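Don't worry about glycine lacking a Cβ; one is built from the backbone with ideal geometry, like all the others, and counts go over all protein chains shown. Values in this text are rule-based calculations from the coordinates and carry no lab data.
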Amino acid sequence: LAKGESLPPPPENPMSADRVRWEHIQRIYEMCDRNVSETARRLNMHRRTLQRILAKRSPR
């Protein structure tokens, strides 16, 4: 029933909401040389947030 927000849209767009975030995590993670604190702060998130994002894509 209905459309728009009544029927969940897939990640159809290249610039997904979280996709943009992960991209920002990388550009900072590179420049701060793996400083998770700078990354999370530059991503506007908690250190755990940045960590979990890294930790789900690595055995770390």
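At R0 = 22 Å, how high is the FRET efficiency between residue 17 and residue 52 if r is their beta carbon distance? Nearest 0.05 is fine.
Result of the calculation: an efficiency of 0.85.
Test of the criteria: in the chain, which GluC sites (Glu not before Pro) are in a DSSP loop and have at most 15 other Cβ atoms within 10 angstrom of their Cβ?
5, 12
Based solely on its DSSP helices, what 222 nm [θ] is calculated for the chain when runs of n ≥ 4 H residues each add -39,500 (n - 2.57) and the sum is averaged over all residues, nearest 500 deg cm²/dmol?
Calculated mean residue ellipticity at 222 nm is -15500 deg cm²/dmol.
P(r) of the chain in 10 Å steps, Cα pairs, percent per bin?
21, 42, 22, 12, 2
In debye to the nearest 20, how big a dipole does the chain give about its Cα centre with +1 on each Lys and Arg Cβ and -1 on each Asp and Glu Cβ?
320
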